[PDB]
């Protein structure tokens, strides 16, 4: 018992990953537990050797944000091992592992519902990679909240969650369609790409546009238009990840396998901050 827990995440650049890591250090410290942060750079072969190293260092448990398809036999080596692997953000096998993931569909609905309360006649939903679970859940949540609404919603789907991708698509789309009055993006990078176009196009960011977005950034408070943004409950998420880790280590018997979801917070920024 080294009184330590490994934490495998893509990087410590993503402020979402870092924030959860921050609240996790602070909490683990407190219970007299050391965090060993091993970064996979989101690569499967990287992730597995990171796992190995934590195992050699006699870590007492690993918290993973996996890069491999959970199915993928790497982790089924511990499917019936009392050694705890607790998953974050990207779920591990629903039947042998507990996983703390976000509530994307509920999140998307909530954000969507709020945005609809805005007078806008042309509303545009910008997203990426419709095939992925996250992309899908968000679109579902959004459709849930707009069904009986009489307006039509244009859907636009970039081939990646990158800002440069989004600018190209939106600029092209502007050729056939006029500027929207309600916007819904499913990642901050996608919202940036749009603004690059709106700024290059108008010389100035909008005041006359309702924006709803995933991710949050306090600098959105300087916008001159209404803005809605959702972000994780980083401390709340850190609490349960760790609470599960110690429940398996200390209690006789492990917590139930399966998923547990934490909702995001809605933040009203831009002109809604005044």
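Numbering follows the first chain given and starts at 1.
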Report task. Quick one: say whether 185-193 or 118-126 has the higher mean Cα B-factor in the deposited entry. Result -> 118-126
Report summary line: Mean B factor on CA atoms, stretches 50-58 and 211-219, record says higher is 50-58
Query raised in the report: For the listed 97, 142, 173, 157, which has the peak Cα B-factor recorded in the PDB entry?
Result: 173
Report summary line: Chain thirds by Cα B factor, record data; residue 65 belongs to the lowest
Report summary line: Entry-reported C-alpha B-factor of residue 238 relative to its chain, by third, is lowest
Report summary line: Chain thirds by Cα B factor, record data; residue 105 belongs to the lowest
Report task. Ordered by C-alpha B-factor within the chain, which third holds residue 269? Give me lowest, middle or highest, please. Result -> lowest
**Report entry** residue 19 - Cα temperature factor, lowest/middle/highest third of chain
**Finding:** middle
